[PDB]
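This is coords_26.txt (compact mmCIF, C-alpha atoms).
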# COMPACT_ATOMS: atom_id res chain seq x y z
CA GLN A 11 0.00 0.00 0.00
CA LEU A 12 1.70 3.15 -1.35
CA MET A 13 0.98 6.88 -1.15
CA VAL A 14 2.57 9.44 -3.45
CA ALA A 15 2.62 13.17 -2.76
CA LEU A 16 4.08 16.03 -4.77
CA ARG A 17 5.33 19.21 -3.12
CA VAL A 18 6.02 22.42 -4.99
CA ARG A 19 8.37 24.71 -3.09
CA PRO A 20 8.03 28.44 -3.69
CA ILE A 21 10.21 29.97 -6.41
CA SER A 22 13.61 31.25 -5.26
CA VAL A 23 15.40 34.57 -5.70
CA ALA A 24 18.36 32.82 -7.36
CA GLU A 25 15.88 31.47 -9.92
CA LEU A 26 14.32 34.89 -10.55
CA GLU A 27 17.72 36.37 -11.16
CA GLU A 28 18.55 33.65 -13.66
CA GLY A 29 15.34 34.88 -15.32
CA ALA A 30 12.91 32.06 -14.57
CA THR A 31 9.15 32.15 -14.81
CA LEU A 32 6.53 29.98 -13.13
CA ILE A 33 5.70 26.82 -15.06
CA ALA A 34 4.51 24.50 -12.31
CA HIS A 35 1.02 24.97 -10.93
CA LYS A 36 -1.04 23.27 -8.29
CA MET A 37 -4.32 23.12 -10.17
CA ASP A 38 -6.16 20.99 -7.83
CA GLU A 39 -5.62 19.32 -4.48
CA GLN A 40 -4.08 16.38 -6.27
CA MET A 41 -3.23 17.64 -9.73
CA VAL A 42 -0.21 19.55 -10.94
CA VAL A 43 0.43 20.82 -14.46
CA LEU A 44 3.81 21.60 -15.98
CA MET A 45 3.94 24.31 -18.63
CA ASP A 46 6.60 23.94 -21.29
CA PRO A 47 8.65 27.10 -21.65
CA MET A 48 10.39 27.63 -25.01
CA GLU A 49 13.74 28.10 -26.68
CA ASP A 50 14.82 28.38 -30.26
CA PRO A 51 16.37 28.08 -32.63
CA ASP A 52 13.94 25.21 -33.05
CA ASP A 53 11.35 24.24 -32.50
CA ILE A 54 9.72 22.35 -35.31
CA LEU A 55 7.32 22.31 -32.36
CA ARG A 56 3.99 24.09 -32.03
CA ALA A 57 2.97 21.39 -33.38
CA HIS A 58 3.09 21.65 -29.61
CA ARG A 59 1.54 18.39 -28.45
CA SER A 60 1.72 20.49 -25.27
CA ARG A 61 2.60 23.30 -24.22
CA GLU A 62 1.09 21.89 -20.98
CA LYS A 63 1.09 18.39 -19.47
CA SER A 64 -0.98 17.15 -16.51
CA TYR A 65 0.14 15.01 -13.53
CA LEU A 66 -1.91 13.42 -10.76
CA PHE A 67 -0.82 12.42 -7.25
CA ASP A 68 -2.52 11.09 -4.14
CA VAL A 69 -2.05 14.59 -2.74
CA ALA A 70 -0.37 17.81 -3.90
CA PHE A 71 1.10 20.86 -2.12
CA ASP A 72 2.44 24.28 -3.11
CA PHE A 73 3.56 27.27 -1.03
CA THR A 74 0.04 27.60 0.42
CA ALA A 75 0.50 24.47 2.55
CA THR A 76 2.21 24.78 5.94
CA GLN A 77 4.59 22.26 7.41
CA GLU A 78 1.78 20.96 9.64
CA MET A 79 -0.51 20.54 6.65
CA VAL A 80 1.93 18.33 4.75
CA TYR A 81 2.52 16.32 7.92
CA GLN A 82 -1.18 15.87 8.48
CA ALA A 83 -1.67 14.83 4.84
CA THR A 84 1.24 12.45 4.52
CA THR A 85 2.41 10.70 7.67
CA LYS A 86 0.08 11.38 10.65
CA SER A 87 -2.05 8.35 9.82
CA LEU A 88 0.98 6.03 9.82
CA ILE A 89 1.37 6.43 13.55
CA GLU A 90 -1.54 4.20 14.69
CA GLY A 91 -0.12 1.28 12.71
CA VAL A 92 3.46 1.75 13.84
CA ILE A 93 2.65 1.48 17.51
CA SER A 94 0.52 -1.57 16.68
CA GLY A 95 3.45 -3.53 15.25
CA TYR A 96 3.18 -2.51 11.62
CA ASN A 97 5.98 -1.11 9.52
CA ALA A 98 6.02 2.17 7.55
CA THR A 99 8.30 4.25 5.36
CA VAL A 100 8.43 7.90 4.37
CA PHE A 101 10.74 9.09 1.57
CA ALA A 102 11.60 12.61 0.66
CA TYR A 103 12.51 12.36 -3.01
CA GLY A 104 13.69 14.89 -5.59
CA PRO A 105 16.52 16.99 -7.08
CA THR A 106 18.88 18.94 -4.82
CA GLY A 107 17.46 22.25 -3.65
CA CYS A 108 13.81 21.24 -4.25
CA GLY A 109 12.88 20.71 -0.59
CA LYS A 110 13.66 17.21 0.78
CA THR A 111 15.50 18.29 3.97
CA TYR A 112 12.98 21.12 4.59
CA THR A 113 10.04 18.68 4.38
CA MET A 114 11.77 16.09 6.64
CA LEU A 115 13.86 18.11 9.14
CA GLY A 116 12.35 21.57 8.68
CA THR A 117 13.76 24.48 10.65
CA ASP A 118 13.60 25.76 14.23
CA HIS A 119 10.96 28.24 13.12
CA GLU A 120 9.34 25.57 10.87
CA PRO A 121 9.71 21.90 11.99
CA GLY A 122 9.25 19.12 9.44
CA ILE A 123 8.01 15.53 9.45
CA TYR A 124 10.54 14.02 11.93
CA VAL A 125 9.44 15.90 15.00
CA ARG A 126 5.72 16.30 14.18
CA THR A 127 5.67 12.54 13.79
CA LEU A 128 7.72 11.82 16.92
CA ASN A 129 5.33 14.08 18.75
CA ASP A 130 2.08 12.42 17.80
CA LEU A 131 3.85 9.16 18.44
CA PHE A 132 4.48 9.89 22.12
CA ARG A 133 0.98 11.30 22.55
CA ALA A 134 -0.56 8.22 20.91
CA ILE A 135 1.51 6.14 23.31
CA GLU A 136 0.29 7.99 26.47
CA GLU A 137 -3.29 7.91 25.24
CA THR A 138 -3.07 4.14 25.37
CA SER A 139 -0.60 3.30 28.18
CA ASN A 140 -3.58 2.44 30.35
CA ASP A 141 -3.66 -0.81 28.46
CA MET A 142 -0.14 -1.07 27.03
CA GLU A 143 3.55 -0.96 27.92
CA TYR A 144 5.82 0.79 25.38
CA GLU A 145 9.50 1.06 24.50
CA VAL A 146 10.64 3.67 22.02
CA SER A 147 14.08 3.98 20.47
CA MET A 148 15.31 6.11 17.56
CA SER A 149 18.50 6.37 15.51
CA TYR A 150 19.73 8.81 12.88
CA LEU A 151 22.44 7.68 10.47
CA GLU A 152 23.81 8.38 7.00
CA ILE A 153 24.38 6.23 3.94
CA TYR A 154 26.98 7.86 1.73
CA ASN A 155 28.40 5.86 -1.16
CA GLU A 156 27.19 2.69 0.54
CA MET A 157 29.10 3.60 3.67
CA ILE A 158 27.37 4.08 7.02
CA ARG A 159 28.33 6.57 9.73
CA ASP A 160 25.93 5.87 12.59
CA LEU A 161 25.70 9.63 13.14
CA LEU A 162 26.75 8.97 16.74
CA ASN A 163 29.31 6.34 17.73
CA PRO A 164 32.61 7.37 16.16
CA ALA A 165 34.54 4.18 15.35
CA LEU A 166 32.54 2.41 12.65
CA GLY A 167 32.31 3.13 8.93
CA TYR A 168 31.31 -0.19 7.37
CA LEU A 169 28.25 -1.75 9.01
CA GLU A 170 26.84 -4.86 7.33
CA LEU A 171 23.19 -5.83 7.71
CA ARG A 172 22.60 -9.36 8.99
CA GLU A 173 19.54 -11.61 9.13
CA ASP A 174 18.04 -12.87 12.41
CA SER A 175 16.69 -16.51 12.70
CA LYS A 176 13.47 -15.43 10.81
CA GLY A 177 15.42 -13.96 7.78
CA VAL A 178 14.59 -10.35 8.72
CA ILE A 179 17.44 -8.04 7.57
CA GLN A 180 18.74 -5.59 10.18
CA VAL A 181 21.84 -3.41 10.47
CA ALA A 182 24.31 -5.01 12.89
CA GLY A 183 26.06 -2.74 15.37
CA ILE A 184 24.03 0.27 14.28
CA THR A 185 24.00 2.58 17.31
CA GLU A 186 20.69 3.02 19.13
CA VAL A 187 20.26 6.26 21.08
CA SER A 188 17.59 6.48 23.77
CA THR A 189 15.53 9.71 23.33
CA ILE A 190 13.09 11.04 25.96
CA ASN A 191 12.00 14.29 24.26
CA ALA A 192 11.67 16.17 20.97
CA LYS A 193 14.45 18.59 21.92
CA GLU A 194 16.82 15.62 22.19
CA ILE A 195 15.94 14.09 18.82
CA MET A 196 16.59 17.39 17.04
CA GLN A 197 19.96 17.82 18.74
CA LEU A 198 20.97 14.26 17.84
CA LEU A 199 20.27 14.82 14.14
CA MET A 200 21.99 18.22 14.19
CA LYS A 201 25.03 16.88 16.04
CA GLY A 202 25.26 13.75 13.91
CA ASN A 203 24.37 15.40 10.60
CA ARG A 204 27.67 17.29 10.61
CA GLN A 205 29.14 13.84 9.97
CA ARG A 206 27.14 13.41 6.77
CA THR A 207 29.60 13.58 3.87
CA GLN A 208 29.35 17.07 2.37
CA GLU A 209 30.31 18.48 -1.03
CA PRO A 210 34.09 18.25 -1.38
CA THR A 211 33.91 21.59 -3.20
CA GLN A 215 27.20 22.18 2.00
CA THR A 216 26.00 18.58 2.24
CA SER A 217 26.88 16.02 -0.43
CA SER A 218 24.20 15.55 -3.09
CA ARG A 219 24.75 11.85 -2.44
CA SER A 220 23.84 11.55 1.22
CA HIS A 221 20.83 9.58 2.51
CA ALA A 222 19.75 10.44 6.00
CA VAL A 223 17.72 7.73 7.67
CA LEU A 224 15.74 8.36 10.79
CA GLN A 225 14.35 5.11 12.20
CA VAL A 226 12.00 4.74 15.15
CA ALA A 227 11.37 1.38 16.81
CA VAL A 228 8.30 0.71 19.01
CA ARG A 229 7.64 -2.34 21.18
CA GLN A 230 4.15 -2.89 22.67
CA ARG A 231 3.04 -5.53 25.08
CA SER A 232 -0.13 -5.91 27.11
CA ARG A 233 -0.34 -5.03 30.77
CA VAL A 234 -2.65 -8.06 31.17
CA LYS A 235 -0.34 -10.86 32.23
CA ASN A 236 -2.63 -13.85 32.73
CA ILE A 237 -3.28 -14.02 28.96
CA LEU A 238 -0.43 -14.49 26.51
CA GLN A 239 -0.83 -12.15 23.48
CA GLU A 240 1.82 -11.37 20.85
CA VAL A 241 4.46 -8.75 21.75
CA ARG A 242 4.29 -6.24 18.84
CA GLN A 243 7.14 -4.30 17.22
CA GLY A 244 6.55 -1.52 14.71
CA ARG A 245 9.25 0.17 12.73
CA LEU A 246 8.99 3.60 11.15
CA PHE A 247 11.64 4.80 8.68
CA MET A 248 11.87 8.45 7.73
CA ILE A 249 14.24 9.09 4.90
CA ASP A 250 15.72 12.22 3.34
CA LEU A 251 17.77 11.50 0.19
CA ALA A 252 19.66 13.26 -2.63
CA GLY A 253 19.21 13.21 -6.42
CA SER A 254 20.03 11.17 -9.56
CA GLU A 255 23.17 12.49 -11.26
CA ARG A 256 23.78 12.69 -14.99
CA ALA A 257 27.58 12.09 -14.82
CA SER A 258 28.09 13.15 -18.58
CA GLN A 259 26.99 16.62 -17.29
CA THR A 260 28.87 17.61 -14.01
CA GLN A 261 31.83 15.59 -15.43
CA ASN A 262 32.29 13.50 -12.22
CA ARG A 263 35.57 11.55 -11.89
CA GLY A 264 37.37 9.46 -9.28
CA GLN A 265 35.56 10.08 -6.00
CA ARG A 266 32.92 12.04 -7.90
CA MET A 267 32.63 9.83 -10.99
CA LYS A 268 32.24 6.70 -8.86
CA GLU A 269 29.98 8.62 -6.47
CA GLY A 270 27.36 9.04 -9.18
CA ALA A 271 27.50 5.35 -10.06
CA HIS A 272 26.34 4.44 -6.56
CA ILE A 273 23.50 6.94 -6.17
CA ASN A 274 22.24 5.97 -9.63
CA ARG A 275 22.44 2.28 -8.61
CA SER A 276 20.55 2.74 -5.32
CA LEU A 277 17.78 4.80 -6.95
CA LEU A 278 17.42 2.10 -9.72
CA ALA A 279 17.22 -0.62 -6.99
CA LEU A 280 14.64 1.41 -5.10
CA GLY A 281 12.63 2.01 -8.28
CA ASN A 282 12.77 -1.79 -9.02
CA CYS A 283 11.54 -2.53 -5.46
CA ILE A 284 8.62 -0.04 -5.44
CA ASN A 285 7.61 -1.07 -9.01
CA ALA A 286 7.47 -4.80 -7.88
CA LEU A 287 5.42 -3.86 -4.77
CA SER A 288 3.05 -1.68 -6.90
CA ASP A 289 2.44 -4.44 -9.48
CA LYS A 290 2.91 -8.21 -9.70
CA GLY A 291 2.85 -10.21 -7.69
CA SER A 292 4.47 -13.31 -6.20
CA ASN A 293 6.55 -11.76 -7.37
CA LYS A 294 8.94 -13.19 -7.96
CA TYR A 295 10.11 -11.92 -4.57
CA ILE A 296 10.41 -8.13 -4.91
CA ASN A 297 14.14 -7.40 -5.60
CA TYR A 298 15.24 -6.09 -2.20
CA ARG A 299 18.67 -7.69 -2.78
CA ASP A 300 19.39 -4.94 -5.39
CA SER A 301 21.50 -2.75 -3.07
CA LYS A 302 22.18 -0.61 0.00
CA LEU A 303 19.35 1.36 1.58
CA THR A 304 17.46 -1.81 0.67
CA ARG A 305 19.30 -4.16 3.02
CA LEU A 306 18.10 -1.87 5.81
CA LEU A 307 14.52 -1.56 4.54
CA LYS A 308 14.17 -5.29 3.69
CA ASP A 309 12.04 -6.55 6.58
CA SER A 310 9.91 -3.43 6.23
CA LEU A 311 8.41 -2.46 2.87
CA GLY A 312 6.34 -5.55 2.09
CA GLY A 313 2.77 -6.84 2.14
CA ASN A 314 1.20 -5.48 5.31
CA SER A 315 3.44 -2.37 5.44
CA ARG A 316 2.93 1.23 4.31
CA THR A 317 4.98 3.51 2.09
CA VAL A 318 4.77 7.26 1.61
CA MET A 319 6.80 9.01 -1.04
CA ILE A 320 7.01 12.78 -1.11
CA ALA A 321 8.31 14.08 -4.42
CA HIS A 322 9.71 17.63 -4.56
CA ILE A 323 10.06 20.13 -7.44
CA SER A 324 10.95 23.71 -8.21
CA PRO A 325 8.19 25.73 -9.86
CA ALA A 326 10.89 27.48 -11.84
CA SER A 327 11.11 27.49 -15.63
CA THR A 328 14.87 26.99 -15.32
CA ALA A 329 14.11 23.59 -13.68
CA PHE A 330 11.73 22.25 -16.33
CA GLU A 331 13.74 19.14 -17.31
CA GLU A 332 14.31 18.00 -13.73
CA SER A 333 10.72 18.70 -12.82
CA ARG A 334 9.52 16.71 -15.83
CA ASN A 335 11.63 13.75 -14.74
CA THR A 336 10.37 13.98 -11.21
CA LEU A 337 6.72 14.39 -12.20
CA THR A 338 7.01 11.42 -14.61
CA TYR A 339 8.64 9.16 -12.05
CA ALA A 340 6.22 9.92 -9.23
CA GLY A 341 3.26 10.45 -11.52
CA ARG A 342 0.40 8.12 -10.64
Could you show the structure in this file as structure tokens?
Amino acid sequence: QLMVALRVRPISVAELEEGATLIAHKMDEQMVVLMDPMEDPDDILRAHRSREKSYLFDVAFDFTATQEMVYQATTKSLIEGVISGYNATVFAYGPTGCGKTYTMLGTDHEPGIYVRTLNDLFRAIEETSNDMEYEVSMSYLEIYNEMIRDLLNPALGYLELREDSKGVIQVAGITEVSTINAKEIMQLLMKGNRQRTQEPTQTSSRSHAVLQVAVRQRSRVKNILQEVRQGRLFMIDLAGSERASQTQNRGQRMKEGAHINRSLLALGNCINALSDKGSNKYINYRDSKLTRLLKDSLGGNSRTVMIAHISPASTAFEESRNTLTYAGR
């Protein structure tokens, strides 16, 4: 069961100075159109065949939506399931500068999905600790060129995911920080983030940040057995696909693009399999990194939420068209 959202960030000053116009438009609460701008010395077109193309999503947002509104429309509903033992996943997807980190982390003035979700999580827990015992743990790490960082413990840089007795993949050694408040979770991500590989030339356009929250629930009634539940929420902020011909990436850079492109392909192969057929033959989780971690999650009785991001800027038309196509339902 998959949900796909598209977020349009407001246009930027840098874009206006480059001379960009608005070509992306929320038309509808779940429809976005993308105007084609134009540029000679062609076109042999007009003969347009658009001009304008439409795109539909489970939900859509532009600058009118607040942080809280995107939270409420994307991930709030996941919470009930997670504390009940079900698994869930939220991706921020899109090109660099289109909004991923803002949607997921937010700012002090404007908090994103991480904290709004952690918040309703702890309230949901209290509202039901009459009946239930709960344990909550969260971690915040980085995957950069298939190499982990933990974001906390400084001594590991190559963690390999291992299977338990029931074939469930899970990162081995991955630190696990106990968090008793929202102010602590934010500090952990801010203190650990600095570790996230940045642009050798700013964060690296190749850095996944994974926030994972684990929740164990058992009954307070002891004279009746009942299953002990364990839900796992993954909240992920990634980078963008790189056309290596452009950029002209070499060595550390050249190889860097090969990975990101590989991981995004793998991910695309996994979500495509989950969306369609069908036993299956087994959904290709074994494709690559970021997948080893998400293996036991993302399956039959688990939820996925993808939030695609674009610029509304004319100067971004090609990227936006790729994004809209990819996420387009």
**Message:** Report as a ChimeraX atom specification all protein, DNA and RNA residues lying within 10 Å of residue A:280, evaluated on all atoms listed in the file, omitting residues in the same chain fewer than 5 positions from it.
**Reply:** /A:274-275,285-286,297-298,300-304
**Asked** So how many Å separate atom CA of residue A:188 and atom CA of residue A:80, to one decimal?
**Response** 27.3 Å
**Request:** Grab the atom CA of residue A:61 to atom CA of residue A:45 distance for me, in Å with one decimal place.
**Result:** 5.8 Å
**Asked** Counting only C-alpha atoms, which of A:308, A:242, A:316, A:219 gets nearest to residue A:87?
**Response** A:316
**Request:** Rank nothing, just name the residue among A:252, A:323, A:337, A:128 nearest to residue A:193, using all atoms listed in the file.
**Result:**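 When distances to residue A:193 are compared using all atoms listed in the file, the smallest one comes from A:128.
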Can I get stretch 281-301 of chain A with N, CA and C atoms filled in, as a short mmCIF file (atom, residue, chain, number, x, y, z; two decimals), in the frame of the given file?
data_model
loop_
_atom_site.label_atom_id
_atom_site.label_comp_id
_atom_site.auth_asym_id
_atom_site.auth_seq_id
_atom_site.Cartn_x
_atom_site.Cartn_y
_atom_site.Cartn_z
N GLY A 281 13.65 1.98 -7.24
CA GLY A 281 12.63 2.01 -8.28
C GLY A 281 12.14 0.61 -8.63
N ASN A 282 13.06 -0.37 -8.74
CA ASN A 282 12.77 -1.79 -9.02
C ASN A 282 11.94 -2.41 -7.89
N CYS A 283 12.26 -2.04 -6.63
CA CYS A 283 11.54 -2.53 -5.46
C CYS A 283 10.11 -1.98 -5.39
N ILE A 284 9.96 -0.65 -5.52
CA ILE A 284 8.62 -0.04 -5.44
C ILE A 284 7.72 -0.46 -6.60
N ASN A 285 8.31 -0.62 -7.81
CA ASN A 285 7.61 -1.07 -9.01
C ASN A 285 7.02 -2.48 -8.78
N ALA A 286 7.84 -3.41 -8.20
CA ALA A 286 7.47 -4.80 -7.88
C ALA A 286 6.34 -4.85 -6.86
N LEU A 287 6.42 -3.99 -5.83
CA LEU A 287 5.42 -3.86 -4.77
C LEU A 287 4.12 -3.31 -5.33
N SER A 288 4.20 -2.29 -6.22
CA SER A 288 3.05 -1.68 -6.90
C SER A 288 2.31 -2.67 -7.80
N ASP A 289 3.05 -3.46 -8.58
CA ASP A 289 2.44 -4.44 -9.48
C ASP A 289 2.82 -5.86 -9.07
N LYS A 290 2.59 -6.81 -9.97
CA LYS A 290 2.91 -8.21 -9.70
C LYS A 290 4.06 -8.34 -8.71
N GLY A 291 3.98 -9.30 -7.79
CA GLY A 291 2.85 -10.21 -7.69
C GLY A 291 3.29 -11.66 -7.55
N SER A 292 3.98 -11.96 -6.45
CA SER A 292 4.47 -13.31 -6.20
C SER A 292 5.25 -13.85 -7.40
N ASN A 293 6.21 -13.08 -7.91
CA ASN A 293 6.55 -11.76 -7.37
C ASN A 293 7.66 -11.10 -8.19
N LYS A 294 8.76 -11.82 -8.43
CA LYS A 294 8.94 -13.19 -7.96
C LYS A 294 9.39 -13.21 -6.50
N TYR A 295 9.67 -12.04 -5.95
CA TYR A 295 10.11 -11.92 -4.57
C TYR A 295 10.46 -10.48 -4.22
N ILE A 296 10.14 -9.56 -5.12
CA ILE A 296 10.41 -8.13 -4.91
C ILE A 296 11.94 -8.04 -4.75
N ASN A 297 12.66 -7.32 -5.63
CA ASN A 297 14.14 -7.40 -5.60
C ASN A 297 14.86 -6.57 -4.54
N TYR A 298 14.56 -6.81 -3.27
CA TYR A 298 15.24 -6.09 -2.20
C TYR A 298 16.76 -6.22 -2.30
N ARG A 299 17.24 -7.42 -2.64
CA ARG A 299 18.67 -7.69 -2.78
C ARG A 299 19.44 -6.78 -3.81
N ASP A 300 18.74 -5.88 -4.49
CA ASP A 300 19.39 -4.94 -5.39
C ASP A 300 20.59 -4.19 -4.76
N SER A 301 20.38 -3.46 -3.66
CA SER A 301 21.50 -2.75 -3.07
C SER A 301 21.26 -2.14 -1.68
#
